Amino acid sequence: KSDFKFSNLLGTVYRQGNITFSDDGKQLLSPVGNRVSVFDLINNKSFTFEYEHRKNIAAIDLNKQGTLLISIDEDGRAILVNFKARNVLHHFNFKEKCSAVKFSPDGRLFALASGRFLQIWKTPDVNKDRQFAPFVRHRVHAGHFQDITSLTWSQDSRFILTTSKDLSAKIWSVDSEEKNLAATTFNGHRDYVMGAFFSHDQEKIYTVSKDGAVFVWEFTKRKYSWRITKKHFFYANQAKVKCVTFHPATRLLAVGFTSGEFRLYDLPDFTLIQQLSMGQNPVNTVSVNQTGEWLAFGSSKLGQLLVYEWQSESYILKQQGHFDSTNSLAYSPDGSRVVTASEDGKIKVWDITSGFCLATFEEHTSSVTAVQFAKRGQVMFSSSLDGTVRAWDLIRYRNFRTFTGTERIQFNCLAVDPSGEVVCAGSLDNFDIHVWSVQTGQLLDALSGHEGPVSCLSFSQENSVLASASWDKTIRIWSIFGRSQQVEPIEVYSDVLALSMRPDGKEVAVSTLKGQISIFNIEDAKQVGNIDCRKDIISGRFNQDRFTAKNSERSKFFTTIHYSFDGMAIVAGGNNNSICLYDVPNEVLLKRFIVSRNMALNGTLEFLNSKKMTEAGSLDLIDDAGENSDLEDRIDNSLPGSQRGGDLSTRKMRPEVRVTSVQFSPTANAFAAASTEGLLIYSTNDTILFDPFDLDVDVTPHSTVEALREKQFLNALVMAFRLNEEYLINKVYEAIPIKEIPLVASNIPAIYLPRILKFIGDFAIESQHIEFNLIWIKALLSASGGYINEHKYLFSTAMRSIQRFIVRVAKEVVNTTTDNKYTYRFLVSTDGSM
Amino acid sequence: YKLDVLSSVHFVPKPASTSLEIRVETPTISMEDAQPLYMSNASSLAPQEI
Amino acid sequence: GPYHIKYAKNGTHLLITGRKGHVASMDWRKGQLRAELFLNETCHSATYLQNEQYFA
Amino acid sequence: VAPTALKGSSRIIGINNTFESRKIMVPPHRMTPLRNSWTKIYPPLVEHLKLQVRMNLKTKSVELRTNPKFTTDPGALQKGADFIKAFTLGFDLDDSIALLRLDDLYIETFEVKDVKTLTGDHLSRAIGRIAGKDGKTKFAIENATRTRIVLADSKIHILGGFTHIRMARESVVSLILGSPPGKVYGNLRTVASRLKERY
Amino acid sequence: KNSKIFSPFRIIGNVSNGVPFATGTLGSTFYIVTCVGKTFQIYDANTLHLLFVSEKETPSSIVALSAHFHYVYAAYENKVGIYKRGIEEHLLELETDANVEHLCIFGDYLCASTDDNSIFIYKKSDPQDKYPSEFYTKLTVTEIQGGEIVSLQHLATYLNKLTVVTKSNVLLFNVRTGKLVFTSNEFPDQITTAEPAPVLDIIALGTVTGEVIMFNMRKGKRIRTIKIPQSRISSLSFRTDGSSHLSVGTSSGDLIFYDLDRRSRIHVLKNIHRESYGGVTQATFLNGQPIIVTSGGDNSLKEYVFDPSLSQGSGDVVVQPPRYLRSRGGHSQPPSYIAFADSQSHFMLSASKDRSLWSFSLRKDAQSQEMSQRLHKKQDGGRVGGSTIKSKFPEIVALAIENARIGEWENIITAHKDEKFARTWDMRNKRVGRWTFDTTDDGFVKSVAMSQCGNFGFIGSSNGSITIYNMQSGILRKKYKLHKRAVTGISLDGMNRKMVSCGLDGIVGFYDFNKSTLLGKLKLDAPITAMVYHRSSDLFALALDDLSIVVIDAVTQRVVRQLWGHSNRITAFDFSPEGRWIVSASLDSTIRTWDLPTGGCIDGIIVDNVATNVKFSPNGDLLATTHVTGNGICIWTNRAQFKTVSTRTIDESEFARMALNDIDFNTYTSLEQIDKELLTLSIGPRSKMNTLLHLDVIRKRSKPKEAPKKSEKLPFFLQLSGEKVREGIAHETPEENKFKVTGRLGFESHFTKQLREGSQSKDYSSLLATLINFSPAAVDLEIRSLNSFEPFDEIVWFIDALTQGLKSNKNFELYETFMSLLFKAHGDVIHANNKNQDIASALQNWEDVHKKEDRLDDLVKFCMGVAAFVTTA
Ligand SMILES: [Mg+2]
């Protein structure tokens, strides 16, 4: 039930730091703000780790073997992670700003560029158990006079090249006895040295500067010494080199410029293979696959992540995410895809498994406030502050209809009829709920009666009534359908901020500004429960506040809520650092989730460090933009009074942790919450828990197996559920012969029917036994079809899961089979000659 | 743009106006973003439109 | 920190400017503070004008 | 060397090119191009491969022998012999040098009669079809499959990577048989894309 | 004795065990090396932050510690180890069974004194070598020469002389020549300490009867005699800040200071350390500063500072008294109860028999703090009844903590020994609360519990009554009276609905907390000693008197599992956070892990000291246990969180003497195909089929909108010219005749060879295998490259191969998809030559198979018809 865990972060593909491909090249590791996300391009799956830094990530690296991941934040704090097990081995502090961390290709040593020192450490062994001090230092090198920009390992794990802001590139030897081999310093660059590299033979060293000069260093006579034999120049008019990488095997040099264009060159010939432009923002990080075929680029400003297959001039991956912009989210009815509305005005559809944007729509001029699907799922609606309501048809990606009010009113909330024929929107400026007809587009009527702005709307899926709530401290139930129109107002203690309708359509829950979730019965218009939330909410002091968090009244209410499709649970979130999941019937908090643990965000901490406070003020509030070397960093474009609706640069204040909207998954036991960092998806998929149901001494994982060996399938299957072990249920599920399925299916007790249907839904989507599952689904529905119909909402999520399997994979297979059959008949039956 | 950000985007919508767009028949996959997946396959013009 | 220091021409007064924006003007021999600004900005350098009365 | 330093098959197919010796006969039409380009043909054989080279005016052949005291790479003789043959077959000198430089380049040779027995104007018709107007068709095949082709009357020689010459040869054969030009062009577009792709 | 699930991590809560610490200076800064049993810790003198710990636990307890710059020498039994940064670099093994007692290092010489009055001298192999390793010689002091050795010391400006101090008298040994240079006069009192003075040739000697002697070695004569009647000296140290002060530590727990110049006492610090644990075991002035670091056996380390004199002139006479500066500490006696404060491995509460309750930080020792006991003033206004002399609260027997309401009001309840009420504490403020809960039946508190919401507190009395209070206001709300004997456990489920209790009478009561009704009662055979309730799974285990752990399901009120095997009482036990394991400890000196699904012991340990408490972290990553001996907490890492653990039951007989694999690892792998008749898809991503059918269209999207400019002068064969690996179909090499369109022999492609071999052998299984392995781009290339010219051999062979594939009923979507591509690329050739027999028969054989795979459509259509109907109407 209430055992949820963070699974993946959608809405963000790159924030800052360096991107790294996996050694096999089939996985891309992208730092997304405070966490590390892994995308499996080949298998179309993605996950984001649970471990969480206290600040944004600055650098990462995965060793060649693929077992250990090291990530370093902007303060130098480092977390070592066992990649296969997805667990944290050890937290390490390097007490400096670490710029780059790179594993040696052998894997034994990893080097760190911290300030002006190059630190070489010994890797902890993954097989060994955890220890107090796993890292063992090897050596610290201090030759540079200023900070190190980047470092490169030699292919034989014996030399390291470090490029610093001293206009110098310097070479070390990891072995003391070999110091005489390489103790040289390379000079002659006009600007910072961005990168230095070896050739495949290690006889040529290339150094690249920010101004755009590439030097080829060779060991030659003028008695022998390193010299610049040849010199090359990127004649970029004003762009400065921002990131450089080199692939020795293919002699490829990928350079990303601050103007947003990147160039690919061949060394030592310096023939320009290509150059493309990904935008007007700098190319922050570039990486190369091991084979050298895929180049991954990243732009921090707009959060673009691009993987380029330069061989075929193709895009494997091309995505753009959102930061501090996701204002809403809406699940597809099957739950396969999630929609988001951003302040930019762009509606983006993300696929849950892959984590990538399937489609983007940019019709809306201003911020989109809310999004909702039709009950059918083929159509989508969205409301924006530009003054319009727009209907989207997904099958053809067309704005097939657009509605607009007469009086030029901003829209903030939206609700669509179950029949997909009426659309109503509310405003913060009009006090009236406009209603339109989907088929014709005309304004049917303007519902009036509120003395305050309408904060939220929702249709009953069954009864088709409309429930509206406002800051007027009231809730009104409109029977708009029917010959006669009726309005039934219900009073509340305080302003209403959010509203959710039970799938039954018999009750409505409303969150008030007092921090109260009140559940009312629609037909009786009387209260049936109340839940306190003010104590549960976790709110943090901002760096700018002059008052404590406890006395702070900034956000102690829930601005969004939603029922579980079963109808027994409510998930709530607000302008705060908590997502609270309440159980409706007993009015208790099942669990509380911390949205973020990043101190870069403003609202994360309840108690701030006293050291930061001074006579001058909080050290965080001092603006240090002047120190930044590049002009584009120093320039301040912030408007004095802005709070929302523009770029981060406009704010001048740190982003604030908040959950714009939350929703449950129609198909799986999971929920998605849009926040500043992105869409946090919490799921119970791992299900490591042991939650036996009606267990007894006679039931045992050992005992179940004989029931199979003795061919007592029903007793084996029922005993498998009582333990509720997935691996055991799977074992019994596949060992039952097809002949006995119709016999067993009829005899399953009614209590365990919801569980098996959930299992088949979760198992069938990714399992390879399409027909065997379909035999099972046919058996169960025929045997217990009547029971399922009587209890719709107990089986709602399970039933949707089965349909998603039957439509999304099963239908696609036969759709080709029927295709080949007809293409077959035409070729043979037809006459072809001449 | 500057005024809207200054007012925290509590502005008033602009006059509605009618404009003409040209829709070119293309496979629906082309309209999508670039990754190893597509979510629809139909054409971008309905049969009536053809 | 870090702090940039500039003495007056006659050596009677001292001007220190922190990088984080702490500017102080004082008479260092007699331990008298003339002015102390806590500008929340990035100060780079400061100098005394014709006399200790004005500084930039 | 920098202080950081680390610590007989024939490429041509369809013709028998083979202290060891190799002899390659030069046809009359390649005599003059061989002459003015010999200032750039003998160096790479004698310095890189460490071979001994001559032109036999009496027999009009290029004679190549291994020096036991100087030559070191056992495959140098065959490598050098193939390089001369590519120049003999009509490929430009820089293309021929690629065989010395690269170790994964193969020459496929075949005649129109091998694919199908064509004679008279029909044989002329096929050579016209392979060539295309102003050489467009062969140029398309060359660029799409990343191959160099020399269409010497009824004899075709294709230089490039293994699978590349396999695809260039297939397109040429399809042209000889009489497949519709559009189908051949349609493939020539997509063969290029598939070859360069990683997956 | 080695667990397969757990492994030691470190010990929390120890700063010093009583062995004299050693001070070491790196540059200007100083560090302190303290002994903790079998390992040592290095603290920074400035902040008393932990820096390093010994990598491995020494086999035997450490006896002496000496530190010189980076290197630290630790002596245990007959071996002296050399450590750098907490990692051993070299081990010195003495040749005599006698255990080392004292240790001195000067220059290249390392001197070790054994208990048999034998001094071993080691020397550096090289003058520039960092530490001595080589064995130089052996010097033995006989009883005629002197008594037992008290300590070894080396005065400054002495070439190769070691000042051996014995109880009887002092001796001077020349290590280089190994000859006794000088012998002191016999002293009347037994010497107990020796400290070189900052002056030349003078070493301070402390006797057992409170005499401090400023013995001058060069003159061999006494210089001064301080007298401390009725005291025993334990440490001596000199102030090097330019003031002639001497700090004289005593075993009674006092530290006296003398000003040698003025022959007067500056001050006395009384009871800085407990006398029961050895008093001031060591007190050392930091070199050249007024800070003195003091330690003792009570598990504490303190620092005191001399402030500057408050008089402008005559600063020498007006000396400010020493002032407490900073310290670190722990329990003086083993902890009695423990609990994890927060969901993370964040903080850990510990209460000990020394009547002090501590909050220990797992992640930084500096964060550890003692929960103060200062009381609030009563709300009523009446005076609080208590002895004027302040005394710590009695020992904490039971503890319960919740965090649903941390920072709003009290969130901890504690029960005290022989006390008729339970006190409250607040974790956020780190101080005792303002509420006291009384049993109201004249009975001692035996059990305390908290509701998850953090509103209620349950107190279980020894007389059988359960009283329920409200934490916010400390007002009694309800009292339940079922048990007649002592209640030994109380718990409430997460939903705050069903409450369960247990008592010595052996009955387990089931209550409905909302309605205040008795749902049911269960009688067990034996008295119940303890209870652990798992809220996520609604299972609670009961430690019965008959050496069993009985697991019960609160929902149905029946015994679900019973665990046997402990040979004595079960001290404590806990549930794993995932609800799958129970770890229990017993007086027979073992810890056993029980796998609840199978109900058997999977791991067993034999602990030298009985484990009095066992507690899992809520994460499950760490297991913490406390023992009857040792002032600290033993922390164990859970190996199960990084790899699977076999659930095979442990061997009982072997465990006593010391004092299906898929099922064993709780995993299962789905079959490749249940039945040959059942259709089965491919073992791979499901986007493979969609990608194959629409390869070209997806690529068109992938292309950039604007063409990329390229250099006019580029190598034609750049792609081939890659120094060396790419495995693409582009990178294929031939494997070793008339020209053939499909492929010349020796030049053929691997795919064609497998096809042609398949045609002759009449089995394409090898070809189907490689086709599935092919990437989508490769598959399109091969299908199109098939020969389409008469007699159409390759096309016909390909159809038979795919016809063979469908018969298997495996990977049928990919075999199907290949035929969609075959028609797309070669549809016209098939159409034009449909009358050809080889194509017609090959196609006809295919149709007969493909017609059989039509049952799938019937199932798919049926399920949609009902699934839409059932879910709708
Ligand atoms: Mg009426």
# chains A, B, ... in the order shown; residues from 1 in each chain; ligands from 1
$ residues_near_ligand --ligand "ligand 1" --cutoff "12 Å" --atoms "only C-alpha atoms and all ligand atoms" --output "JSON, numbers by chain"
{"A": [482, 483, 484, 485, 486]}
$ write_last_selection --atoms "N, CA, C and O atoms" --output "compact mmCIF listing (two decimals), in the first residue's frame"
# COMPACT_ATOMS: atom_id res chain seq x y z
N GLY A 482 -29.04 18.97 -17.86
CA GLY A 482 -30.43 18.82 -17.46
C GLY A 482 -31.29 19.97 -17.93
O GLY A 482 -30.77 21.01 -18.34
N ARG A 483 -32.61 19.79 -17.88
CA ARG A 483 -33.51 20.85 -18.32
C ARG A 483 -33.39 22.08 -17.43
O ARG A 483 -33.42 23.22 -17.92
N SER A 484 -33.26 21.88 -16.12
CA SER A 484 -33.22 22.96 -15.15
C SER A 484 -31.86 23.01 -14.46
O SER A 484 -31.27 21.97 -14.13
N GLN A 485 -31.37 24.23 -14.25
CA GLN A 485 -30.07 24.46 -13.64
C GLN A 485 -30.24 24.75 -12.16
O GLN A 485 -31.09 25.55 -11.77
N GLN A 486 -29.42 24.10 -11.33
CA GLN A 486 -29.44 24.29 -9.89
C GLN A 486 -28.02 24.52 -9.39
O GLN A 486 -27.05 23.99 -9.95
$ residues_around --residues "residue 50 in chain B" --least-positions-apart "4" --cutoff "10 Å" --atoms "only C-alpha atoms" --output "ChimeraX atom specification"
/B:25,45-46
$ write_last_selection --atoms "C-alpha atoms" --output "mmCIF file, in the first residue's frame"
data_model
loop_
_atom_site.group_PDB
_atom_site.id
_atom_site.type_symbol
_atom_site.label_atom_id
_atom_site.label_comp_id
_atom_site.auth_asym_id
_atom_site.auth_seq_id
_atom_site.Cartn_x
_atom_site.Cartn_y
_atom_site.Cartn_z
ATOM 1 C CA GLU B 25 0.979 16.688 -45.229
ATOM 2 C CA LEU B 45 -3.913 15.771 -42.835
ATOM 3 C CA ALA B 46 -7.299 14.180 -42.239
#
$ select_by_dssp --residues "range 26-109 of chain D" --states "alpha helix (DSSP H)" --output "NGL selection string"
:D and (31-37 or 42-47 or 76-89 or 93-101)
$ atom_distance --atom1 "CA of residue 39 in chain A" --atom2 "CA of residue 806 in chain A"
26.6 Å
$ interface_residues --of "chain A" --to "chain E" --cutoff "6 Å" --atoms "only C-alpha atoms" --output "VMD selection string"
chain A and resid 43 85 249 to 250 272 to 276 291 314 to 315 689 to 691 696 to 697 700 727 768 to 771 789 827 to 828 832 to 833
$ write_last_selection --atoms "N, CA, C and O atoms" --output "tab-separated table (two decimals), in the first residue's frame"
chain	number	residue	atom	x	y	z
A	43	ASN	N	17.85	-0.07	-24.75
A	43	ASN	CA	16.73	-0.80	-24.17
A	43	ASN	C	15.53	0.08	-23.86
A	43	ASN	O	14.49	-0.44	-23.44
A	85	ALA	N	24.33	-2.18	-7.65
A	85	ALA	CA	23.40	-2.26	-6.53
A	85	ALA	C	22.66	-0.96	-6.26
A	85	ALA	O	21.68	-0.97	-5.52
A	249	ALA	N	41.47	7.10	-30.93
A	249	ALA	CA	41.36	6.02	-31.91
A	249	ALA	C	40.92	6.53	-33.27
A	249	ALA	O	41.45	6.12	-34.30
A	250	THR	N	39.93	7.43	-33.29
A	250	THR	CA	39.41	7.97	-34.54
A	250	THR	C	39.96	9.35	-34.87
A	250	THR	O	39.60	9.91	-35.91
A	272	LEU	N	37.96	20.23	-41.16
A	272	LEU	CA	36.67	20.46	-40.50
A	272	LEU	C	35.67	19.46	-41.06
A	272	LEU	O	35.16	19.62	-42.17
A	273	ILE	N	35.36	18.43	-40.27
A	273	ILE	CA	34.33	17.48	-40.68
A	273	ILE	C	32.98	18.16	-40.76
A	273	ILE	O	32.23	18.00	-41.73
A	274	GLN	N	32.64	18.94	-39.73
A	274	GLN	CA	31.29	19.47	-39.60
A	274	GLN	C	31.30	20.64	-38.63
A	274	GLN	O	32.26	20.83	-37.88
A	275	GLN	N	30.23	21.43	-38.67
A	275	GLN	CA	29.85	22.24	-37.52
A	275	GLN	C	28.36	22.48	-37.58
A	275	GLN	O	27.81	22.75	-38.65
A	276	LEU	N	27.70	22.38	-36.43
A	276	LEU	CA	26.27	22.60	-36.31
A	276	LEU	C	26.01	23.55	-35.16
A	276	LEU	O	26.88	23.79	-34.32
A	291	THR	N	33.67	3.83	-28.82
A	291	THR	CA	33.92	3.57	-30.23
A	291	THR	C	34.21	4.86	-30.99
A	291	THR	O	34.91	4.85	-32.00
A	314	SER	N	23.04	12.05	-37.77
A	314	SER	CA	21.73	11.77	-37.20
A	314	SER	C	21.72	12.10	-35.71
A	314	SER	O	22.77	12.20	-35.06
A	315	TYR	N	20.51	12.27	-35.19
A	315	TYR	CA	20.27	12.53	-33.77
A	315	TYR	C	19.72	11.26	-33.13
A	315	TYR	O	18.58	10.88	-33.39
A	689	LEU	N	9.37	-5.39	0.12
A	689	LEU	CA	8.74	-5.59	1.42
A	689	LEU	C	8.15	-6.99	1.54
A	689	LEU	O	7.76	-7.60	0.54
A	690	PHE	N	8.09	-7.49	2.77
A	690	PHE	CA	7.39	-8.72	3.09
A	690	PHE	C	6.08	-8.33	3.77
A	690	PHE	O	6.09	-7.85	4.91
A	691	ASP	N	4.97	-8.52	3.07
A	691	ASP	CA	3.65	-8.10	3.54
A	691	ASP	C	2.70	-9.28	3.40
A	691	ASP	O	1.77	-9.26	2.58
A	696	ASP	N	-0.13	-18.39	7.64
A	696	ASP	CA	-0.19	-19.36	8.73
A	696	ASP	C	1.10	-20.16	8.76
A	696	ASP	O	1.96	-20.03	7.88
A	697	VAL	N	1.24	-21.01	9.78
A	697	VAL	CA	2.47	-21.77	9.95
A	697	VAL	C	2.66	-22.75	8.79
A	697	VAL	O	3.79	-23.00	8.35
A	700	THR	N	4.68	-21.86	3.53
A	700	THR	CA	6.12	-21.67	3.52
A	700	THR	C	6.60	-21.69	2.07
A	700	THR	O	6.05	-22.43	1.25
A	727	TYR	N	8.39	-13.48	-6.50
A	727	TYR	CA	9.15	-14.54	-7.15
A	727	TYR	C	8.44	-15.87	-7.03
A	727	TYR	O	8.51	-16.71	-7.94
A	768	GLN	N	7.59	-11.79	-22.11
A	768	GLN	CA	7.62	-12.27	-23.49
A	768	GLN	C	6.52	-13.27	-23.80
A	768	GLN	O	6.36	-13.64	-24.97
A	769	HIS	N	5.75	-13.71	-22.81
A	769	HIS	CA	4.74	-14.75	-23.02
A	769	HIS	C	3.38	-14.10	-23.28
A	769	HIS	O	2.47	-14.07	-22.44
A	770	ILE	N	3.26	-13.56	-24.49
A	770	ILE	CA	2.06	-12.82	-24.87
A	770	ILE	C	0.83	-13.72	-24.85
A	770	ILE	O	-0.21	-13.37	-24.27
A	771	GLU	N	0.93	-14.90	-25.47
A	771	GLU	CA	-0.24	-15.77	-25.55
A	771	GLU	C	-0.60	-16.35	-24.19
A	771	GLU	O	-1.79	-16.44	-23.86
A	789	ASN	N	-17.30	-6.29	-12.36
A	789	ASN	CA	-18.23	-5.21	-12.66
A	789	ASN	C	-18.85	-4.64	-11.40
A	789	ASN	O	-19.09	-3.43	-11.31
A	827	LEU	N	-0.12	-10.12	-53.53
A	827	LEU	CA	1.01	-10.50	-54.38
A	827	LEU	C	0.73	-11.78	-55.15
A	827	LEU	O	1.06	-11.88	-56.34
A	828	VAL	N	0.11	-12.77	-54.50
A	828	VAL	CA	-0.08	-14.06	-55.15
A	828	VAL	C	-1.28	-14.01	-56.09
A	828	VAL	O	-1.20	-14.43	-57.25
A	832	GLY	N	0.94	-10.05	-62.43
A	832	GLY	CA	2.05	-9.14	-62.66
A	832	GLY	C	2.87	-9.53	-63.88
A	832	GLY	O	3.44	-10.63	-63.92
A	833	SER	N	2.93	-8.65	-64.87
A	833	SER	CA	3.66	-8.94	-66.09
A	833	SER	C	3.98	-7.63	-66.79
A	833	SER	O	3.42	-6.58	-66.46
$ atom_distance --atom1 "CA of residue 165 in chain E" --atom2 "CA of residue 193 in chain E"
8.5 Å
$ interface_residues --of "chain C" --to "chain A" --cutoff "6 Å" --atoms "only C-alpha atoms" --output "MDAnalysis selection string"
chainID C and resid 38 40:42
$ write_last_selection --atoms "N, CA and C atoms" --output "PDB file, in the first residue's frame"
ATOM      1  N   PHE C  38      28.919  48.311   4.337  1.00  0.00           N
ATOM      2  CA  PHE C  38      28.728  46.881   4.143  1.00  0.00           C
ATOM      3  C   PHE C  38      27.945  46.645   2.862  1.00  0.00           C
ATOM      4  N   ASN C  40      26.567  45.090  -0.079  1.00  0.00           N
ATOM      5  CA  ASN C  40      26.433  43.691  -0.477  1.00  0.00           C
ATOM      6  C   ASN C  40      26.659  43.588  -1.985  1.00  0.00           C
ATOM      7  N   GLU C  41      27.921  43.771  -2.363  1.00  0.00           N
ATOM      8  CA  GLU C  41      28.337  43.728  -3.758  1.00  0.00           C
ATOM      9  C   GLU C  41      29.801  43.325  -3.793  1.00  0.00           C
ATOM     10  N   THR C  42      30.342  43.235  -5.004  1.00  0.00           N
ATOM     11  CA  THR C  42      31.730  42.830  -5.199  1.00  0.00           C
ATOM     12  C   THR C  42      32.584  44.073  -5.408  1.00  0.00           C
TER      13      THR C  42
END
$ residues_around --residues "range 613-617 of chain E" --least-positions-apart "5" --cutoff "6 Å" --atoms "only C-alpha atoms" --output "number ranges by chain"
E: 572-574, 622-626
$ decode --residues "range 32-42 of chain C" --atoms "N, CA, C and O atoms" --output "mmCIF file, in the first residue's frame"
data_model
loop_
_atom_site.group_PDB
_atom_site.id
_atom_site.type_symbol
_atom_site.label_atom_id
_atom_site.label_comp_id
_atom_site.auth_asym_id
_atom_site.auth_seq_id
_atom_site.Cartn_x
_atom_site.Cartn_y
_atom_site.Cartn_z
ATOM 1 N N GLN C 32 40.703 55.071 15.179
ATOM 2 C CA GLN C 32 39.423 55.738 15.006
ATOM 3 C C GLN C 32 38.836 55.344 13.661
ATOM 4 O O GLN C 32 39.510 55.448 12.631
ATOM 5 N N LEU C 33 37.587 54.896 13.675
ATOM 6 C CA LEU C 33 36.895 54.484 12.463
ATOM 7 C C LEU C 33 36.096 55.664 11.926
ATOM 8 O O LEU C 33 35.218 56.191 12.617
ATOM 9 N N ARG C 34 36.404 56.082 10.699
ATOM 10 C CA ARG C 34 35.700 57.195 10.077
ATOM 11 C C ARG C 34 34.404 56.755 9.414
ATOM 12 O O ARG C 34 33.368 57.406 9.584
ATOM 13 N N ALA C 35 34.440 55.662 8.659
ATOM 14 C CA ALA C 35 33.253 55.153 7.991
ATOM 15 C C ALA C 35 33.464 53.682 7.686
ATOM 16 O O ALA C 35 34.594 53.237 7.468
ATOM 17 N N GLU C 36 32.365 52.936 7.663
ATOM 18 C CA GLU C 36 32.408 51.507 7.383
ATOM 19 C C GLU C 36 31.138 51.130 6.641
ATOM 20 O O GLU C 36 30.044 51.191 7.208
ATOM 21 N N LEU C 37 31.290 50.740 5.381
ATOM 22 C CA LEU C 37 30.179 50.369 4.521
ATOM 23 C C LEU C 37 30.132 48.855 4.389
ATOM 24 O O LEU C 37 31.175 48.196 4.342
ATOM 25 N N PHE C 38 28.919 48.311 4.337
ATOM 26 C CA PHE C 38 28.728 46.881 4.143
ATOM 27 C C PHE C 38 27.945 46.645 2.862
ATOM 28 O O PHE C 38 26.985 45.870 2.841
ATOM 29 N N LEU C 39 28.342 47.344 1.801
ATOM 30 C CA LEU C 39 27.779 47.112 0.478
ATOM 31 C C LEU C 39 27.759 45.623 0.171
ATOM 32 O O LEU C 39 28.800 44.966 0.165
ATOM 33 N N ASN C 40 26.567 45.090 -0.079
ATOM 34 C CA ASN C 40 26.433 43.691 -0.477
ATOM 35 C C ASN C 40 26.659 43.588 -1.985
ATOM 36 O O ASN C 40 25.747 43.365 -2.780
ATOM 37 N N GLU C 41 27.921 43.771 -2.363
ATOM 38 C CA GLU C 41 28.337 43.728 -3.758
ATOM 39 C C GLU C 41 29.801 43.325 -3.793
ATOM 40 O O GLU C 41 30.425 43.098 -2.754
ATOM 41 N N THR C 42 30.342 43.235 -5.004
ATOM 42 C CA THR C 42 31.730 42.830 -5.199
ATOM 43 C C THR C 42 32.584 44.073 -5.408
ATOM 44 O O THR C 42 32.592 44.651 -6.499
#
